[PDB]
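Containing mmCIF, C-alpha atoms and all ligand atoms: coords_9.cif.
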data_my_file
#
loop_
_atom_site.label_atom_id
_atom_site.label_comp_id
_atom_site.auth_asym_id
_atom_site.auth_seq_id
_atom_site.Cartn_x
_atom_site.Cartn_y
_atom_site.Cartn_z
CA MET A 1 82.55 2.96 9.90
CA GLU A 2 85.33 5.17 8.54
CA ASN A 3 82.67 7.40 6.98
CA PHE A 4 81.71 8.48 10.55
CA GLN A 5 83.43 10.18 13.46
CA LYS A 6 82.09 9.68 16.94
CA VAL A 7 80.92 12.90 18.56
CA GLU A 8 79.75 11.36 21.86
CA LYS A 9 78.18 8.43 23.72
CA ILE A 10 74.46 8.93 24.02
CA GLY A 11 73.57 5.54 25.44
CA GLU A 12 74.21 1.90 26.20
CA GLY A 13 71.15 0.62 24.43
CA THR A 14 69.78 -2.92 24.51
CA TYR A 15 72.27 -4.23 21.90
CA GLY A 16 75.29 -2.03 22.01
CA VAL A 17 76.60 1.43 22.45
CA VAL A 18 74.75 4.31 20.79
CA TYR A 19 76.84 7.20 19.54
CA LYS A 20 76.05 10.63 18.20
CA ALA A 21 78.25 10.66 15.11
CA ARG A 22 78.96 12.75 11.99
CA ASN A 23 78.96 11.63 8.36
CA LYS A 24 82.46 12.79 7.29
CA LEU A 25 81.22 13.16 3.70
CA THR A 26 77.67 14.49 3.74
CA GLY A 27 78.09 16.28 7.08
CA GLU A 28 74.84 14.88 8.56
CA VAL A 29 74.64 14.24 12.29
CA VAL A 30 73.25 10.78 13.02
CA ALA A 31 72.69 8.34 15.90
CA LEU A 32 74.99 5.31 15.39
CA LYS A 33 74.16 2.00 17.03
CA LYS A 34 76.60 -0.85 17.20
CA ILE A 35 74.81 -4.17 17.37
CA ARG A 36 76.16 -6.95 19.66
CA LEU A 37 77.60 -9.33 17.06
CA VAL A 44 75.36 -11.69 12.37
CA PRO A 45 72.84 -14.21 11.03
CA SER A 46 71.18 -13.71 7.66
CA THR A 47 67.52 -13.59 8.88
CA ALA A 48 68.40 -10.56 11.04
CA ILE A 49 69.94 -8.69 8.04
CA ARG A 50 66.80 -9.40 6.02
CA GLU A 51 64.61 -8.41 8.97
CA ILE A 52 66.53 -5.13 9.56
CA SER A 53 66.53 -4.35 5.82
CA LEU A 54 62.69 -4.42 5.72
CA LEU A 55 62.67 -1.66 8.33
CA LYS A 56 64.39 0.76 5.92
CA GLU A 57 61.07 0.96 4.11
CA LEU A 58 58.90 1.41 7.23
CA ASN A 59 58.90 5.21 7.16
CA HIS A 60 56.61 7.55 9.19
CA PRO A 61 56.96 10.99 10.77
CA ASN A 62 56.63 9.38 14.21
CA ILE A 63 59.14 6.60 13.68
CA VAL A 64 62.85 7.51 14.00
CA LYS A 65 64.03 7.01 10.41
CA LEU A 66 66.46 4.14 9.78
CA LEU A 67 68.99 5.72 7.29
CA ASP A 68 71.35 2.87 6.72
CA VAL A 69 72.58 -0.62 7.74
CA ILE A 70 76.33 -1.17 7.70
CA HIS A 71 77.74 -4.72 7.94
CA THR A 72 81.54 -5.14 8.03
CA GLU A 73 84.10 -7.44 9.64
CA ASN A 74 80.96 -9.31 10.75
CA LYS A 75 79.97 -6.37 13.03
CA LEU A 76 76.59 -4.56 12.55
CA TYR A 77 75.81 -0.86 12.57
CA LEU A 78 72.49 0.88 12.28
CA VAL A 79 72.43 4.54 11.28
CA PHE A 80 69.47 6.62 12.44
CA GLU A 81 68.01 10.10 12.25
CA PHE A 82 69.32 11.88 15.37
CA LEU A 83 67.05 13.36 18.06
CA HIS A 84 68.41 15.39 20.97
CA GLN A 85 66.22 14.27 23.88
CA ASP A 86 64.15 11.34 25.26
CA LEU A 87 60.93 11.27 27.21
CA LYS A 88 62.63 10.34 30.54
CA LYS A 89 64.96 13.38 30.58
CA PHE A 90 62.05 15.53 29.52
CA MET A 91 59.90 13.96 32.26
CA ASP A 92 62.67 14.59 34.80
CA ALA A 93 62.99 18.19 33.49
CA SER A 94 59.21 18.64 33.91
CA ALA A 95 58.94 17.07 37.41
CA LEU A 96 57.86 20.07 39.51
CA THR A 97 54.73 20.92 37.45
CA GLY A 98 54.45 17.83 35.24
CA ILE A 99 54.08 17.84 31.46
CA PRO A 100 51.03 19.97 30.57
CA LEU A 101 48.07 17.79 29.72
CA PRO A 102 47.76 19.28 26.13
CA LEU A 103 51.33 18.21 25.50
CA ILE A 104 50.74 14.69 27.02
CA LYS A 105 47.68 14.32 24.79
CA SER A 106 49.66 15.42 21.66
CA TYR A 107 52.53 13.08 22.46
CA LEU A 108 50.06 10.16 23.04
CA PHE A 109 48.28 11.08 19.82
CA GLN A 110 51.49 11.07 17.73
CA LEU A 111 52.84 7.81 19.28
CA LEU A 112 49.51 6.22 18.51
CA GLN A 113 49.82 7.31 14.85
CA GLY A 114 53.30 5.81 14.79
CA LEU A 115 51.99 2.46 16.25
CA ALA A 116 48.93 2.47 13.93
CA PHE A 117 51.40 2.74 10.93
CA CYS A 118 53.79 -0.01 11.96
CA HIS A 119 50.99 -2.27 13.18
CA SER A 120 49.16 -1.89 9.84
CA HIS A 121 52.35 -3.48 8.38
CA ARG A 122 52.41 -6.19 11.09
CA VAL A 123 55.58 -4.82 12.64
CA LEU A 124 55.62 -4.52 16.39
CA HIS A 125 58.06 -2.79 18.77
CA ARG A 126 57.85 -5.13 21.84
CA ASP A 127 60.01 -2.84 24.05
CA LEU A 128 58.50 0.62 24.33
CA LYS A 129 59.82 2.68 27.23
CA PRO A 130 60.52 6.34 27.85
CA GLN A 131 64.17 5.85 26.70
CA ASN A 132 63.13 5.10 23.16
CA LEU A 133 60.56 7.84 22.78
CA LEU A 134 62.54 10.83 21.45
CA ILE A 135 61.41 14.44 21.12
CA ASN A 136 62.40 17.41 19.02
CA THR A 137 62.07 21.25 19.29
CA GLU A 138 59.10 21.21 16.87
CA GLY A 139 56.78 19.47 19.33
CA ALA A 140 57.18 16.07 17.64
CA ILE A 141 57.76 12.67 19.40
CA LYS A 142 59.10 9.49 17.69
CA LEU A 143 59.54 5.83 18.54
CA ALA A 144 63.17 4.60 18.31
CA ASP A 145 64.21 0.98 17.66
CA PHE A 146 60.96 -0.23 16.14
CA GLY A 147 61.32 -3.82 14.89
CA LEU A 148 64.68 -4.54 16.50
CA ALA A 149 63.35 -6.96 19.17
CA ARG A 150 62.16 -9.35 16.47
CA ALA A 151 65.50 -9.07 14.56
CA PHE A 152 67.76 -9.54 17.64
CA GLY A 153 65.64 -10.89 20.57
CA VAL A 154 65.04 -9.11 23.90
CA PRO A 155 67.74 -10.11 26.41
CA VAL A 156 67.50 -10.10 30.21
CA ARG A 157 70.67 -7.93 30.41
CA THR A 158 72.24 -5.48 27.92
CA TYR A 159 75.86 -5.96 26.73
CA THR A 160 76.73 -3.79 29.78
CA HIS A 161 74.77 -6.13 32.13
CA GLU A 162 72.16 -3.45 32.64
CA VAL A 163 68.82 -5.04 33.55
CA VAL A 164 66.22 -4.61 30.84
CA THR A 165 63.08 -2.97 32.41
CA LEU A 166 59.99 -5.01 32.90
CA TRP A 167 57.99 -1.94 33.78
CA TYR A 168 56.22 -1.65 30.43
CA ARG A 169 55.90 -5.35 29.66
CA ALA A 170 52.33 -6.66 28.81
CA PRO A 171 50.82 -9.44 31.06
CA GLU A 172 50.57 -12.00 28.23
CA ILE A 173 54.34 -11.76 27.72
CA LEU A 174 54.95 -12.18 31.44
CA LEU A 175 52.54 -15.21 31.45
CA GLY A 176 54.60 -17.01 28.78
CA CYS A 177 52.51 -16.50 25.62
CA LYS A 178 54.53 -17.57 22.60
CA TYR A 179 52.79 -15.45 20.09
CA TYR A 180 51.96 -11.99 21.23
CA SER A 181 50.39 -9.33 19.00
CA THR A 182 50.48 -5.63 18.38
CA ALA A 183 48.52 -5.31 21.62
CA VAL A 184 51.72 -5.57 23.64
CA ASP A 185 52.65 -2.12 22.27
CA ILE A 186 49.39 -0.52 23.24
CA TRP A 187 49.84 -1.88 26.85
CA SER A 188 53.31 -0.27 27.08
CA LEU A 189 52.13 3.05 25.63
CA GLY A 190 49.30 2.96 28.23
CA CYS A 191 51.83 2.49 31.00
CA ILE A 192 53.85 5.47 29.71
CA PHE A 193 50.61 7.57 29.46
CA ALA A 194 49.86 6.93 33.16
CA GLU A 195 53.48 7.84 33.92
CA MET A 196 53.38 11.19 32.17
CA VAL A 197 50.18 12.04 33.96
CA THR A 198 51.23 10.91 37.41
CA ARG A 199 55.00 11.70 37.35
CA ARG A 200 55.61 8.13 38.54
CA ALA A 201 56.00 4.76 36.80
CA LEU A 202 52.74 2.81 36.90
CA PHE A 203 54.17 -0.74 37.53
CA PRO A 204 57.89 -0.47 38.54
CA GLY A 205 58.54 -4.18 39.02
CA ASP A 206 61.92 -5.55 39.85
CA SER A 207 61.52 -9.14 38.82
CA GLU A 208 58.93 -10.98 36.68
CA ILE A 209 56.72 -11.96 39.57
CA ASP A 210 57.02 -8.46 41.22
CA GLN A 211 55.97 -7.03 37.85
CA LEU A 212 52.83 -9.29 37.60
CA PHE A 213 52.01 -8.76 41.20
CA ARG A 214 52.11 -5.04 40.80
CA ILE A 215 49.82 -5.30 37.73
CA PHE A 216 47.46 -7.57 39.69
CA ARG A 217 47.36 -5.28 42.72
CA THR A 218 46.18 -2.34 40.57
CA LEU A 219 44.08 -4.10 37.97
CA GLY A 220 42.68 -7.14 39.85
CA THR A 221 44.14 -10.65 39.48
CA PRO A 222 42.96 -11.77 35.97
CA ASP A 223 40.56 -14.71 35.82
CA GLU A 224 38.53 -16.60 33.17
CA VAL A 225 35.82 -13.85 33.43
CA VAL A 226 38.01 -10.89 32.45
CA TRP A 227 40.47 -12.89 30.33
CA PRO A 228 39.17 -16.14 28.76
CA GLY A 229 41.99 -18.64 28.39
CA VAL A 230 44.28 -17.06 31.02
CA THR A 231 44.36 -19.99 33.52
CA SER A 232 45.74 -22.09 30.65
CA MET A 233 48.75 -19.89 30.05
CA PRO A 234 52.25 -21.29 30.48
CA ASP A 235 53.28 -19.35 33.64
CA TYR A 236 49.86 -18.80 35.13
CA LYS A 237 49.56 -20.43 38.53
CA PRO A 238 46.26 -21.17 40.37
CA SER A 239 48.10 -20.08 43.55
CA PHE A 240 48.51 -16.36 42.52
CA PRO A 241 47.11 -14.12 45.27
CA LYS A 242 43.64 -12.86 44.36
CA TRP A 243 43.68 -9.03 44.44
CA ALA A 244 40.65 -6.78 43.81
CA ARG A 245 40.74 -4.13 41.08
CA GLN A 246 41.08 -0.46 42.09
CA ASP A 247 39.29 2.44 40.37
CA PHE A 248 41.23 4.44 37.86
CA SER A 249 40.16 7.51 39.71
CA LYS A 250 42.67 6.25 42.34
CA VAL A 251 45.42 5.30 39.80
CA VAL A 252 45.82 8.35 37.59
CA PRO A 253 44.40 11.55 39.17
CA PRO A 254 43.90 14.10 37.96
CA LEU A 255 43.35 12.53 34.53
CA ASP A 256 39.88 13.34 33.21
CA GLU A 257 37.07 10.90 32.34
CA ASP A 258 37.95 10.58 28.62
CA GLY A 259 41.57 10.02 29.61
CA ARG A 260 40.69 7.39 32.24
CA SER A 261 38.33 5.72 29.79
CA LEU A 262 41.11 5.54 27.12
CA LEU A 263 43.80 4.29 29.57
CA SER A 264 41.35 1.54 30.71
CA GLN A 265 40.91 0.26 27.21
CA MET A 266 44.72 0.33 26.62
CA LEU A 267 45.15 -1.65 29.84
CA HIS A 268 42.61 -4.43 29.16
CA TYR A 269 43.97 -7.80 30.18
CA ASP A 270 42.69 -9.76 27.18
CA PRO A 271 44.89 -8.56 24.28
CA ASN A 272 42.05 -9.27 21.82
CA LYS A 273 39.86 -6.85 23.78
CA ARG A 274 42.57 -4.18 24.38
CA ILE A 275 41.91 -1.14 22.07
CA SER A 276 43.98 -0.98 18.80
CA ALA A 277 46.06 2.09 17.87
CA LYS A 278 43.67 2.87 15.04
CA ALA A 279 40.63 2.81 17.33
CA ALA A 280 42.50 4.72 20.00
CA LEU A 281 43.04 7.60 17.62
CA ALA A 282 39.23 7.99 17.35
CA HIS A 283 38.66 8.05 21.15
CA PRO A 284 36.79 11.20 22.46
CA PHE A 285 39.95 12.00 24.46
CA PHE A 286 41.50 13.27 21.30
CA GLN A 287 38.53 15.44 20.07
CA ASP A 288 40.38 18.50 21.35
CA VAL A 289 44.01 17.45 20.51
CA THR A 290 46.64 20.14 19.61
CA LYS A 291 50.40 20.31 18.92
CA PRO A 292 52.15 22.49 21.60
CA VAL A 293 55.89 23.21 21.39
CA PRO A 294 57.81 22.24 24.49
CA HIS A 295 60.55 24.64 25.41
CA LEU A 296 63.48 22.23 25.50
CA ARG A 297 66.92 22.67 27.09
CA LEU A 298 69.46 21.09 24.74
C1 LIG A 301 69.49 11.47 27.80
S1 LIG A 301 69.02 12.61 26.49
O1 LIG A 301 67.71 13.18 26.67
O2 LIG A 301 70.04 13.67 26.63
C2 LIG A 301 69.13 11.92 24.90
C3 LIG A 301 69.96 12.55 23.95
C4 LIG A 301 70.04 12.01 22.68
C5 LIG A 301 69.25 10.86 22.38
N1 LIG A 301 69.28 10.35 21.10
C6 LIG A 301 69.10 9.05 20.78
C7 LIG A 301 69.39 8.01 21.67
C8 LIG A 301 69.18 6.69 21.27
CL1 LIG A 301 69.43 5.50 22.25
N2 LIG A 301 68.72 6.43 20.04
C9 LIG A 301 68.53 7.46 19.15
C10 LIG A 301 68.11 7.43 17.84
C11 LIG A 301 68.02 8.78 17.45
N3 LIG A 301 68.42 9.55 18.52
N4 LIG A 301 68.72 8.75 19.51
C12 LIG A 301 68.40 10.27 23.35
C13 LIG A 301 68.31 10.80 24.62
#
Write the structure described by the file as structure tokens, please.
Amino acid sequence: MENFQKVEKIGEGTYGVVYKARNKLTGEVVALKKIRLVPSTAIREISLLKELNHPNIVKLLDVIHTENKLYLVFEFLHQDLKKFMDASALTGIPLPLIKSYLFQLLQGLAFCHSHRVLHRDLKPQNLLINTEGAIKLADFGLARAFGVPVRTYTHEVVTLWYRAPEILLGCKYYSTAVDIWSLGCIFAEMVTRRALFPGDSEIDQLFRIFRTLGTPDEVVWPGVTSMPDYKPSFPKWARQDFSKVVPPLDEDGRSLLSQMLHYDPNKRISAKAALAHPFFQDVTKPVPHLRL
């Protein structure tokens, strides 16, 4: 740790405090995460992430393990998608910039998923932006290393808002499709300026999903009634049209979102396929003017 001096607090993340810090030797400015005190499988798991390098994944620079505490050192970015969404509230993010962010995050997912690494906890707070019009996913692979707790070290409630229905229904093994579901939620959120499914307990989360997308049944999702927390007594809601959910998103956009929000994870579009969707035929890379 003595190689770093703490510049400021920039978050109470899932596992510990996140600091902007400076490398007292090499001068570099980095994001420094302290991990809630570690077992050997986690060290091996984290270490494999050092190799998982992509322009849309926040680079893991180092892992520091002393007095049985754990520190991850990351590439620093100045701003997350929530702040930027708040900043953009009066007009919303321009659609060309939403499309470019979606397109880059998809490339990031397609890379990690090709290597069988999933995120499991995408949310606007771990989607970080720079002044060059780039966006990057923070904390990829950490939920498998450390688990995803109900509360953070600070007792902050972990959001359910972006959690896929299979996880909420008690599936033991979930796939890369859980990441596509969350990105789809965040897509809808950029377009509407409101969270799609802002649930405030597990059953409120499912019920909000069900209200918008129809209660899932053996027709839309073969095998669902056999899932661990599925109950035959769930209220039976009818699906709404996506024209009602995400105006004024266009037809290609609504088509893409639909396939990212399929109930059956086997049927939900992959990141790779998503990148080929007609929604991206006219994609570009705008710069946001950012206030840092
Ligand atoms: C509110 S914010 O937009 O001011 C802000 C500022 C800085 C950061 N940076 C950041 C925060 C976290 Cl948690 N992890 C990492 C990793 C690389 N940068 N970084 C995030 C959000």
>> Just want the residues within 10 Å of ligand LIG 301 (chain A), written as a PyMOL selection string, counting only C-alpha atoms and all ligand atoms.
In response: chain A and resi 8-14+16-20+29-33+63-66+78-93+130-136+142-145+297-298
>> If I take atom CA of residue A:34 and atom CA of residue A:54, how far is one from the other in Å, to one decimal?
In response: 18.4 Å
Check which residues of stretch 159-268 of chain A sit at most 8 Å from stretch 100-108 of chain A using all atoms listed in the file, and return one row each with the closest pair of atoms and their distance in Å to one decimal, ordered by chain and rising number, as a tab-separated table.
residue	atom	partner	partner_atom	distance
A:189	CA	A:108	CA	7.8
A:193	CA	A:108	CA	6.9
A:196	CA	A:104	CA	6.8
A:197	CA	A:101	CA	7.4
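Proximity of A:113, A:221, A:290, A:207 to residue A:269, computed with only C-alpha atoms, is greatest for A:221.
Nearest residue to residue A:22, choosing from A:73, A:57, A:2, A:162 and counting all atoms listed in the file: A:2.
Residues with any atom within 9 Å of the point (45.1, -5.2, 27.5), counting only C-alpha atoms, are residues 170, 171, 172, 183, 184, 186, 187, 264, 265, 266, 267, 268, 269, 270, 271, 272, 273, 274 and 275 of chain A.
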>> Using all atoms listed in the file, which protein or nucleic acid residues come within 8 Å of residue A:294? Drop anything in the same chain fewer than 6 positions from it, and give the result as a VMD selection string.
In response: chain A and resid 103 137 to 139
> In terms of the shortest atom-to-atom distance over only C-alpha atoms, which of A:67, A:166, A:76, A:263 is closest to residue A:37?
Replying inline: A:76
